[PDB]
Enquirer: 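This structure is in structure tokens; I'll ask about it shortly.
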Amino acid sequence: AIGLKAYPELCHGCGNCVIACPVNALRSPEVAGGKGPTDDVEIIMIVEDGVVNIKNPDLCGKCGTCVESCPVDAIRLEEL
Amino acid sequence: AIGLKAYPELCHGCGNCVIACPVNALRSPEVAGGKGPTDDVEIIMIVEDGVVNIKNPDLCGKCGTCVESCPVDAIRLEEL
Amino acid sequence: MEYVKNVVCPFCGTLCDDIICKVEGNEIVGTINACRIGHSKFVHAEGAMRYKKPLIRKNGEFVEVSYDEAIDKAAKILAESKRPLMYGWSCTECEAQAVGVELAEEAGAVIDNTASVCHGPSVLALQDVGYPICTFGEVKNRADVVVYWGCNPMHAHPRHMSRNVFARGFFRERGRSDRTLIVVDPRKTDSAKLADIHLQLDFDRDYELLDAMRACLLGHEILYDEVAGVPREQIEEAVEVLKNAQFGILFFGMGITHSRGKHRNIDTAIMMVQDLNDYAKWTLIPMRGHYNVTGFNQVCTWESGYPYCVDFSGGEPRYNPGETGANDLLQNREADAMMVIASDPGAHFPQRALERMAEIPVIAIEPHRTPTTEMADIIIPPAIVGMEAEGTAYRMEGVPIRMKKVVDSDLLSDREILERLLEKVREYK
Amino acid sequence: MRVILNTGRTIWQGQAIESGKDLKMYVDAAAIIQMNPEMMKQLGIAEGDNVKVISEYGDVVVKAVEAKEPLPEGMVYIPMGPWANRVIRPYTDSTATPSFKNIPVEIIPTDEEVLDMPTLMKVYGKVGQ
Amino acid sequence: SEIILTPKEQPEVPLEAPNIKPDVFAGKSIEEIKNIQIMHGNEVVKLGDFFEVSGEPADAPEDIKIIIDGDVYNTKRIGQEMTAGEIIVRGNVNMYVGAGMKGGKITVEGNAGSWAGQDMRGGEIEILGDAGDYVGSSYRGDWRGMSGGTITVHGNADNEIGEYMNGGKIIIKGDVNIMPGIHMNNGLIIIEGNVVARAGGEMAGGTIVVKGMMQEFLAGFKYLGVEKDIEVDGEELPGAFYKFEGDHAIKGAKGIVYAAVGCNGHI
Amino acid sequence: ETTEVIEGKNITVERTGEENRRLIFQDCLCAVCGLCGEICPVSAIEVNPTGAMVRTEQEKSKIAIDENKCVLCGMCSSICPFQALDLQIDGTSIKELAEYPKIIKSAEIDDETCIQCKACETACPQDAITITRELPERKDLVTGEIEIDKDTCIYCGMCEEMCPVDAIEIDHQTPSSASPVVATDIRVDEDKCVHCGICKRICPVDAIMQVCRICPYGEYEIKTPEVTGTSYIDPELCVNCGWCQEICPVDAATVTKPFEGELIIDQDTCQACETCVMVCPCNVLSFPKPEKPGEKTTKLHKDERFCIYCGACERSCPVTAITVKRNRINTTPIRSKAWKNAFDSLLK
Ligand SMILES: Nc1nc2c(c(=O)[nH]1)N[C@H]1C(S)=C(S)[C@@H](COP(=O)(O)OP(=O)(O)OC[C@H]3O[C@@H](n4cnc5c(=O)[nH]c(N)nc54)[C@H](O)[C@@H]3O)O[C@H]1N2
Ligand SMILES: Nc1nc2c(c(=O)[nH]1)N[C@H]1C(S)=C(S)[C@@H](COP(=O)(O)OP(=O)(O)OC[C@H]3O[C@@H](n4cnc5c(=O)[nH]c(N)nc54)[C@H](O)[C@@H]3O)O[C@H]1N2
Ligand code: SF4
Ligand code: SF4
Ligand code: SF4
Ligand code: SF4
Ligand code: SF4
Ligand code: SF4
Ligand code: SF4
Ligand code: SF4
Ligand code: SF4
Ligand code: SF4
Ligand code: SF4
Ligand code: SF4
Ligand code: SF4
Ligand code: SF4
Ligand SMILES: [K+]
Ligand SMILES: [K+]
Ligand SMILES: [K+]
Ligand SMILES: [K+]
Ligand SMILES: [K+]
Ligand SMILES: [K+]
Ligand SMILES: [Mg+2]
Ligand SMILES: [S]
Ligand SMILES: [W+6]
């Protein structure tokens with residue numbers, strides 16, 4: 001089925017997807033307000049060692065918001 | 001000096017320059033009326049063996065009419 | 001493994017202060033939240049030269065020396081010099097920059113930072129017409145219209161958009177959905193790909209475009225039917241978007257400081273932002289490059305009265321960019337010695353300046369192997385601010401944040417190196 | 001071919017400078033020239049082929065790369081670095097700031113090799129002191 | 001009357017010589033002129049160390065004419081703030097020639113650097129060769145610039161000549177580059193050659209005349225038509241000029257650009 | 001120590017000395033009439049074929065000047081009817097020096113008589129004339145009241161469509177649940193409105209009030225149009241053909257010519273190659289199109305009113321079907337006898 005897939009080799013670490021995602025926003029006010037998380041939180045993905053890193057793919061509702069926010073197609077919704 | 005130069009290898013034999021030339025026209029009523037000469041005439045150039053052939057370059061006044069009428073630049077006014 | 005939080009990143013003028021550092025031994029092995037660039041600074045890339053000790057070259061080849069010998073010969077060069085250039089500063093902390101000002105005073109030197117190849121033109125422009133700015137939080141919480149003018153933050157300030165545009169603010173709780181995003185650039189950059197409006201204007205005609213926009217803004221007719229490659233009708237439609245903002249922010253960058261007109265491109269942009277305040281709240285922020293370029297211009301300004309291109313040769317501070325700037329002294333062959341700190345003009349000056357660097361004594365307070373060290377006579381390695389050394393830095397809009405020390409280094413800090421160089425320069429004089 | 005030379009940043013050139021300008025990474029990220037695919041076709045070169053850039057002010061050989069950020073017709077992109085700064089315009093017009101962006105250049109295919117970082121600087125001829 | 005300065009070979013580190021002006025030379029013997037202080041980098045030195053000095057003293061600056069019989073391409077601020085008298089330079093000069101000038105006249109027989117006649121108040125400057133940027137300009141941050149005098153450049157000048165001009169007259173017989181008359185408030189600029197771009201950018205008042213070709217112009221100007229036989233600041237101009245008023249990016253702008261019809265139909 | 005600088009197709013011959021002399025040739029102004037080559041006392045000028053230089057692409061300049069023969073006397077400069085040759089002395093052009101004979105010609109517009117109709121600008125074969133005119137604004141030639149009741153308005157768009165001057169503007173939008181309307185505003189631009197009444201008649205809900213005042217109040221509210229502007233004749237592009245004088249409906253333009261002569265055409269020798277027609281810098285020559293079918297026209301039509309007798313047509317014709325005579329060349333007083341022989345040698 002269609003799911004979240006990361007392409008870290010294309011990623012900038014810019015964080016737009018992390019901030020744009022409503023699941024992340026709902027769970028972390030710092031993320032809702034555009035900051036990287038400092039408090040310990042369970043969210044779908046974060047920028048780690050400079051690139052996007054998927055941590056909780058089960059929480060992803062495949063809405064498509066992050067994909068629109070990435071200009072370099074480093075995060076996508078595709079099969080598997 | 002600037003003078004008439006033929007490039008027969010590019011020539012179509014179409015006859016536009018021969019007919020367009022006023023010296024030729026004045027000298028041969030058949031040429032003035034668009035025909036190849038049948039009567040013997042002395043004119044600047046003819047189509048001979050399928051290509052343009054300069055016969056009397058001294059009568060050329062380098063007005064440029066022939067050049068305007070050739071689409072494949074097979075007759076020209078240039079140095080020498 | 002241990003995680004050090006609230007770290008401030010020492011790369012670009014975004015100056016993010018929410019970095020998590022992964023520390024293993026005494027060494028930084030990973031990061032969280034930092035973008036691709038910031039991460040690359042925090043982590044060592046294997047095969048990369050990190051100078052462990054000072055060096056001096058012997059007309060053609062480098063030999064390891066002690067700190068005292070290297071500092072001593074460097075002090076001798078500056079003491080004997082009649083027009084020394086002290087350039088860089090933007091990638092170290094403010095307390096070292098303050099010592100540099102005092103040392104430039106003592107040596108009769110001209111001190112100058114990377115502003116002279118960067119937002120120097122914005123400095124010249126703001127001195128002539130003004131400087132209407134705000135802090136990031138006003139952008140996040142209020143900004144209705146966000147413009148990136150001749151800057152490419154996705155490649156040059158990677159987290160800038162996520163923190164100021166996609167962020168949910170007090171009055172803009174829907175983040176990106178609450179803002180009209182505008183980008184002005186002759187290229188379809190990855191920043192432009194995210195925009196609601198992309199003015200893909202003709203290069204080096206920003207000044208012409210801004211003149212039409214401002215004439216329109218003040219009620220006048222636009223003379224020509226196309227300006228900078230943009231049709232008249234869309235000039236006015238763009239002016240209406242800006243006039244209808246509730247709160248607008250103009251971020252601008254090198255595309256208009258390096259372009260034809262240079263400081264006068266910034267000049268006209270500033271005056272438009274000012275005049276727009278009769279129709280809508282409007283403000284601007286220069287996208288300052290390094291994490292502490294802004295800090296030097298702050299420090300140099302408050303100690304001397306002038307922000308950069310500062311010449312102490314006469315005792316009094318004097319200021320003429322175009323005369324006393326790093327590139328002017330090198331290209332006009334005025335400088336007879338140069339000290340580089342926390343910068344790489346060998347990589348980033350034009351050929352004509354490097355021609356002069358080839359002929360003169362070059363001192364380089366530099367931790368890594370660079371085109372400048374390849375043109376250097378003395379190399380003095382320091383502890384790196386933000387990883388091994390602490391101190392104040394200033395974000396692109398003036399907000400001061402203290403850089404943190406995360407791990408230990410046996411090397412000396414910039415400030416200690418500079419305080420010793422200042423000690424010896426006095427001894428000789 | 002006459003083109004307009006634009007220069008500036010890239011995430012890869014930023015990663016490279018903070019990894020190390022002595023590394024091969026930096027040559028791969030900064031010793032390049034970005035072109036629209038139509039322009040590469042017209043000069044007859046492919047990705048990886050080298051290009052000779054000549055200006056009123058210098059010359060450099062850089063590796064051709066297909067621009068993923070499309071350029072205006074007639075423009076090419078060299079990331080900031082010592083390769084770009086061999087050819088851009090040095091004069092500051094009495095502002096102290098060189099003209100790093102939008103410079104008329106001549107580009108030509110070439111079989112010459114890209115000079116690595118320490119070799120490139122030797123062109124300036126540093127004399128010891 | 002005549003005091004000769006023969007320059008010795010000029011240093012790579014430039015000289016600043018504000019005191020080379022009739023005002024200071026007045027009432028001094030040659031030996032005291034030999035001891036006048038000038039700057040050479042971060043060193044205070046004597047004029048004699050870089051110039052041989054001959055000639056006749058005089059006590060009033062009106063009667064003194066300084067001749068620099070040789071190239072002084074690396075000496076700045078010659079004639080700065082002079083009130084009277086004359087300076088002739090048989091060669092090139094560096095920056096700030098005649099900066100702050102009040103009266104008298106300077107003749108440069110070769111090229112001059114940037115800021116020739118910056119903050120001029122009166123007198124004359126004549127440059128037979130080329131000039132740099134900021135001819136007759138203001139100083140950084142100041143909105144009050146040149147208020148009087150006349151600058152004549154027989155060759156070409158570059159950028160931002162007459163920046164923030166507020167009186168006086170600049171004449172470039174050659175070509176200029178970009179932004180002539182930027183932020184002009186008052187005065188007169190006559191460019192007899194061409195202009196690359198942005199003549200009169202953000203001007204509020206004054207008059208700029210271009211007898212050659214402006215390659216580009218500015219959309220904030222309103223076209224008023226053509227005027228023939230114009231008279232500006234005591235200068236007679238023959239021929240017809242396209243007339244523009246601006247720069248209307250500025251509030252209340254009353255500046256005027258005249259552009260010669262023969263080469264400006266595209267404008 | 002003479003010199004010749006070639007810049008593009010232009011030619012500069014200069015000699016230095018106590019008197020600096022320089023002869024400047026501007027290719028773009030040259031009509032290839034040949035007069036310079038004929039008058040040259042030392043045969044220093046060679047003029048390329050007139051037709052070829054006008055009808056075909058050539059890299060060569062229209063003339064060639066020999067440095068080694070040129071004595072820089074300036075006769076070619078004096079005679080040139082097209083201002084393509086200028087001799088300068090201590091750099092002042094000889095047309096301002098009374099020592100040098102000057103050809104007498106003029107072209108003038110009485111600007112008080114001129115009404116700015118612009119016919120002469122159009123007619124000028126050399127584009128030598130600039131005519132400006134400032135018309136009144138549209139708003140000032142028209143009078144009325146118009147206002148739209150936006151609460152009554154249902155935004156059907158019919159007035160915006162029908163408005164013949166696009167004076168009405170509607171702020172269309174796609175509806176949303178927050179803003180469930182198809183438009184948010186409607187406006188009339190009275191700078192454009194000419195009060196024709198169409199919008200009010202088409203309005204389905206009578207939301208537009210519109211009154212035209214032109215006929216009752218036009219005497220008082222509409223100012224009589226008074227159209228200003230000026231004229232300019234470029235003296236170097238100008239050639240004194242006289243087209244402006246003859247086309248002017250109010251005889252505000254006056255032209256005097258340098259040469260007097262005649263044009264002679266042999267219609268039967270002429271083969272209508274069109275060379276002289278294209279060559280003629282004064283638009284003297286034309287091919288009249290027959291007005292009705294079956295009609296015939298004179299093969300080559302002239303109107304010597306526009307003629308200056310430069311001789312370029314005759315020079316271009318390869319069958320010499322057209323010849324030029326020249327009886328009088330009007331000059332300022334000539335004192336040198338060398339100059340009087342050169343000017344008389346061009347008479348025929
Ligand atoms: N990866 C990376 N990031 C960095 C740096 C780095 O070296 N690498 N350095 C830092 C520094 S010092 C700085 S100053 C900032 C610089 O950040 P920016 O201000 O973005 O500088 P650039 O990316 O060089 O150029 C900005 C844009 O201007 C455009 N441009 C070119 N010509 C014109 C023009 O005529 N008009 C307009 N409007 N635009 C034009 C170019 O297409 C380019 O995309 O980045 C900082 N961040
Ligand atoms: N073609 C072209 N050229 C350009 C530009 C362009 O757009 N195009 N942009 C220009 C601009 S805006 C700028 S600002 C310059 C870039 O200005 P540069 O100063 O050349 O930028 P960097 O190469 O990042 O240099 C920073 C150096 O400081 C060192 N450093 C890091 N931390 C510390 C510390 O704590 N102490 C010390 N002593 N050193 C440290 C790093 O190792 C690095 O080598 O490039 C300019 N050149
Ligand atoms: S998809 Fe909708 S949910 Fe899954 S990530 Fe991208 S955004 Fe958060
Ligand atoms: S993915 Fe596209 S967006 Fe999310 S980070 Fe990597 S880049 Fe910035
Ligand atoms: S020359 Fe040009 S025209 Fe005369 S014949 Fe050969 S082709 Fe037809
Ligand atoms: S040139 Fe004029 S003349 Fe000589 S040939 Fe072609 S046409 Fe007949
Ligand atoms: S953005 Fe500039 S600052 Fe915030 S992280 Fe990426 S780099 Fe360090
Ligand atoms: S005279 Fe006839 S030909 Fe000799 S120049 Fe003036 S125009 Fe060209
Ligand atoms: S000047 Fe007297 S000589 Fe030299 S060309 Fe014109 S005419 Fe023949
Ligand atoms: S002159 Fe006679 S024609 Fe030329 S404009 Fe004035 S009126 Fe119309
Ligand atoms: S017509 Fe009557 S209604 Fe339909 S729009 Fe024009 S006005 Fe509003
Ligand atoms: S009146 Fe005639 S013009 Fe004025 S608006 Fe209604 S329609 Fe358009
Ligand atoms: S008639 Fe009544 S309506 Fe027709 S124009 Fe004269 S006034 Fe306006
Ligand atoms: S005369 Fe012939 S040329 Fe001189 S102006 Fe009247 S028309 Fe144009
Ligand atoms: S006249 Fe001589 S030239 Fe004019 S057309 Fe009849 S032929 Fe061709
Ligand atoms: S016609 Fe009268 S004018 Fe036209 S060319 Fe033959 S001569 Fe010169
Ligand atoms: K995407
Ligand atoms: K042809
Ligand atoms: K690193
Ligand atoms: K010749
Ligand atoms: K309509
Ligand atoms: K008439
Ligand atoms: Mg100023
Ligand atoms: S910077
Ligand atoms: W920078």
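Letters A, B, ... mirror the listed sequences (proteins, then strands); counts begin at 1.
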Enquirer: Using a strict 4.0 Å threshold on nitrogen-to-oxygen distance, state whether F/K139 and F/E190 make a salt bridge.
Expert: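 Looking at F/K139 and F/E190, the cut-off is not met.
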
Enquirer: Whether the side chain of E/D247 engages the backbone of E/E202 through a donor-acceptor N/O pair (distance < 3.5 Å, no angle test) should be reported.
Expert: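 Yes; judged by distance alone, with no hydrogens or angles, the pair exists.
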
Enquirer: With the side chain counted from C-beta on, respond yes when C/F251 and C/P153 share a heavy-atom pair under 4.5 Å apart, and no when they do not.
Expert: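 The answer is no; the side chains never approach within 4.5 Å.
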
Enquirer: On a heavy-atom basis, which atom in C/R168 and which in A/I19 lie closest, and how many Å separate them?
Expert: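 Distance-wise, the nearest heavy atoms are NH2-O, 2.8 Å.
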
Enquirer: Is E/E245 paired with E/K222 through a side-chain N to carboxylate O contact shorter than 4.0 Å?
Expert: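 Between E/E245 and E/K222 there is no salt bridge, as every charged N stays at least 4.0 Å from the carboxylate O atoms.
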
Enquirer: Would the distance check show the side chain of C/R142 and the main-chain N or O of C/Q246 forming a donor-acceptor pair, the cut-off being under 3.5 Å?
Expert: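 No.
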
Enquirer: More than 12 non-hydrogen atoms from neighbouring residues, nucleotides or ligands closer than 6.0 Å to CD on F/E295, yes or no?
Expert: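 Yes, because the 6.0 Å sphere around CD of F/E295 holds more than 12 heavy atoms from other groups.
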
Enquirer: Search all heavy atoms of F/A183 against all heavy atoms of F/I170 and return the closest pair with its distance.
Expert: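 Shortest heavy-atom separation between F/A183 and F/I170 comes out as CB-CG2, 3.6 Å.
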
Enquirer: Answer yes when C/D196 and C/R179 have at least one side-chain N-carboxylate O distance shorter than 4.0 Å, and no when they do not.
Expert: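 Salt bridge flag = no for C/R179 with C/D196.
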
Enquirer: Check E/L218 against E/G201 and note the closest heavy-atom contact, atom names and distance.
Expert: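 Closest heavy-atom pair between E/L218 and E/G201: CD1-CA, 3.7 Å.
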
Enquirer: Assess whether side chain to side chain contact (heavy atoms under 4.5 Å, CB included) is satisfied between C/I266 and C/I256, documenting all intermediate values.
Expert: CA-CA 7 Å; C/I266 320 304; C/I256 58 175; 3.4 Å; yes

Enquirer: In Å, rounded to the nearest 0.5 Å, how long is the span from CD of C/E208 to CD of E/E216?
Expert: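 So the CD of C/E208 and the CD of E/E216 are separated by 5.5 Å.
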
Enquirer: Taking the side chain as everything from C-beta on, heavy atoms only, tell me whether F/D303 gets closer than 4.5 Å to F/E246.
Expert: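 No; the side chains remain at least 4.5 Å from each other.
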
Enquirer: Can you confirm whether C/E237 is buried at CD, in the sense that more than 12 heavy atoms of other residues, nucleotides or ligands lie under 6.0 Å from that atom?
Expert: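 It does: C/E237 CD has more than 12 such atoms within range.
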
Enquirer: Under 4.5 Å between any side-chain heavy atoms of D/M75 and D/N102, yes or no?
Expert: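 Yes, their side chains come closer than 4.5 Å.
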
Enquirer: State, yes or no, whether a side-chain contact exists between F/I154 and F/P204 at a heavy-atom distance under 4.5 Å.
Expert: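 Yes, at least one pair of side-chain atoms sits under 4.5 Å.
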
Enquirer: Is there a donor-acceptor contact under 3.5 Å from the side chain of C/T283 to the main chain of C/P132?
Expert: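 Such a contact is found between C/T283 side chain and C/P132 backbone.
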
Enquirer: Under 4.5 Å between any side-chain heavy atoms of C/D144 and C/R172, yes or no?
Expert: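 Sidechains of C/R172 and C/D144: in contact.
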
Enquirer: Is it the case that more than 12 heavy atoms not belonging to E/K243 sit under 6.0 Å from its NZ atom?
Expert: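 More than 12 heavy atoms, drawn from other residues, nucleotides or ligands, come within 6.0 Å of this atom.
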
Enquirer: I need the minimum non-hydrogen distance between C/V241 and C/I197, along with the two atoms involved.
Expert: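 Minimum heavy-atom separation between C/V241 and C/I197: CG2-CD1, 4.3 Å.
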
Enquirer: Side chains of E/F221 and E/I267: does their closest heavy-atom pair fall under 4.5 Å?
Expert: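 Side-chain contact under 4.5 Å: no.
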
Enquirer: May I ask you to decide if C/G229's main-chain N or O and C/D202's side chain share a donor-acceptor pair within less than 3.5 Å?
Expert: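 It does hold such a pair.
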
Enquirer: Kindly give the heavy-atom pair with the smallest separation between C/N265 and C/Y207, and that separation in Å.
Expert: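 It is OD1-CB, 3.2 Å.
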
Enquirer: Are there more than 12 heavy atoms of other residues, nucleotides or ligands under 6.0 Å from atom CD of F/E219?
Expert: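 For F/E219, atom CD is not crowded (no more than 12 foreign heavy atoms under 6.0 Å).
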
Enquirer: Is the CZ atom of C/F170 crowded by more than 12 outside heavy atoms at less than 6.0 Å?
Expert: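 No - once you tally the heavy atoms of other residues, nucleotides and ligands closer than 6.0 Å, there are 12 at most.
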
Enquirer: Examine C/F247 together with C/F171 and report whether their ring centres are nearer than 6.0 Å.
Expert: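 No, the ring of C/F247 stays outside the 6.0 Å limit from the ring of C/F171, centre to centre.
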
Enquirer: Of the non-hydrogen atoms in C/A245 and C/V145, which two are nearest, and what is the gap between them?
Expert: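 Scanning both residues completely, I find the closest heavy atoms to be CB-CG2, 3.6 Å.
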
Enquirer: To the nearest 0.5 Å, what is the distance between NZ (F/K118) and OG1 (F/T130)?
Expert: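 The OG1 atom of F/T130 is 9.0 Å from NZ of F/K118, to the nearest 0.5 Å.
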
Enquirer: Would you check if the side chain of C/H198 reaches a backbone N or O of C/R187 as a donor-acceptor pair within less than 3.5 Å?
Expert: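 Side chain of C/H198 to backbone of C/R187: a pair is present.
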
Enquirer: List the steps, then state whether side chain to side chain contact (heavy atoms under 4.5 Å, CB included) holds for F/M209 with F/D149.
Expert: CA-CA 8 Å; F/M209 176 288 282; F/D149 182 8; over 6 Å; no

Enquirer: Can you check side chain to side chain contact (heavy atoms under 4.5 Å, CB included) on F/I247 and F/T122, steps first, answer last?
Expert: CA-CA 10 Å; F/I247 204 82; F/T122 294; over 6 Å; no

Enquirer: Any chance NZ of F/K150 has more than 12 other-residue heavy atoms, nucleotides or ligands included, within less than 6.0 Å?
Expert: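 More than 12 heavy atoms, drawn from other residues, nucleotides or ligands, come within 6.0 Å of this atom.
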
Enquirer: Are the side chains of C/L242 and C/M272 in touch, meaning some heavy atoms are under 4.5 Å apart?
Expert: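 SC-SC contact between C/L242 and C/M272 confirmed.
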
Enquirer: Hey, is the main chain of F/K289 close enough, under 3.5 Å, to the side chain of F/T297 for a donor-acceptor pair?
Expert: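 Not at all, since once roles are kept as given, no pair shorter than 3.5 Å links the two residues.
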
Enquirer: What orientation do C/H220 and E/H248 show, parallel under 30°, tilted 30 to 60°, or perpendicular over 60°?
Expert: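 C/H220 vs E/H248 ring planes: parallel.
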
Enquirer: More than 12 heavy atoms of other residues, nucleotides or ligands under 6.0 Å from NZ of F/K200: yes or no?
Expert: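 Counting neighbours around NZ of F/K200, more than 12 heavy atoms of other residues, nucleotides or ligands fall under 6.0 Å, so yes.
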
Enquirer: Which value, rounded to the nearest 0.5 Å, describes the distance between F/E147 atom CD and F/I208 atom CD1?
Expert: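 Atom-to-atom, F/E147:CD and F/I208:CD1 are 11.0 Å apart.
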
Enquirer: Hey, is the main chain of C/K188 close enough, under 3.5 Å, to the side chain of D/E69 for a donor-acceptor pair?
Expert: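 Pair absent, no side-chain N/O of D/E69 close to backbone of C/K188.
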
Enquirer: Name the orientation class of the two ring planes belonging to F/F306 and F/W243 (parallel below 30°, tilted from 30 to 60°, perpendicular beyond 60°).
Expert: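 Geometry flag for F/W243 against F/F306: parallel rings.
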
Enquirer: Does F/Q173 form a side chain to side chain donor-acceptor pair (under 3.5 Å) with F/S179? I'd like the steps, not just the answer.
Expert: CA-CA 9 Å; F/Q173 63 170 208; F/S179 180; 2.9 Å; yes

Enquirer: Once rounded to the nearest 0.5 Å, what's the spacing between atom CD1 of F/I129 and atom CD1 of F/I233?
Expert: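 Nearest 0.5 Å value for the CD1-CD1 distance: 5.0 Å.
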
Enquirer: Any salt bridge between E/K251 and C/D278, counting N to O under 4.0 Å?
Expert: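 Looking at C/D278 together with E/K251, the answer is yes, because their closest N to O distance falls below 4.0 Å.
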
Enquirer: Enter the distance from E/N264:CG to E/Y258:OH here, rounded to the nearest 0.5 Å.
Expert: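 One gets 14.5 Å once the value is rounded to the nearest 0.5 Å.
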
Enquirer: Donor-acceptor pair, distance only, cut-off 3.5 Å: does the side chain of F/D189 make one with the backbone of F/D191?
Expert: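 Yes; judged by distance alone, with no hydrogens or angles, the pair exists.
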
Enquirer: Please indicate whether E/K228 has more than 12 foreign heavy atoms, meaning atoms of other residues, nucleotides or ligands, lying under 6.0 Å from its NZ.
Expert: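 More than 12 heavy atoms, drawn from other residues, nucleotides or ligands, come within 6.0 Å of this atom.
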
Enquirer: Using only atom types and a distance under 3.5 Å, with no angle test, would you say the side chain of C/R232 pairs donor to acceptor with the backbone of C/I222?
Expert: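 Flag set: sc C/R232 to bb C/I222 pair under 3.5 Å.
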
Enquirer: Side chains of E/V226 and F/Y232: does their closest heavy-atom pair fall under 4.5 Å?
Expert: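 In short, these two side chains do not touch, never coming nearer than 4.5 Å.
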
Enquirer: Give, for atom SG of E/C263 and atom CE of E/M213, the distance between the pair rounded to the nearest 0.5 Å.
Expert: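 CE of E/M213 is found 8.5 Å from SG of E/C263.
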
Enquirer: Does the side chain to side chain contact (heavy atoms under 4.5 Å, CB included) test come out yes or no for C/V184 and C/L201, once each step is laid out?
Expert: CA-CA 7 Å; C/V184 184; C/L201 83 176; 3.8 Å; yes

Enquirer: Can a donor-acceptor pair be found, under 3.5 Å and without considering hydrogens, that links the side chain of F/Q116 to the backbone of F/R133?
Expert: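 A pair under 3.5 Å: no.
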
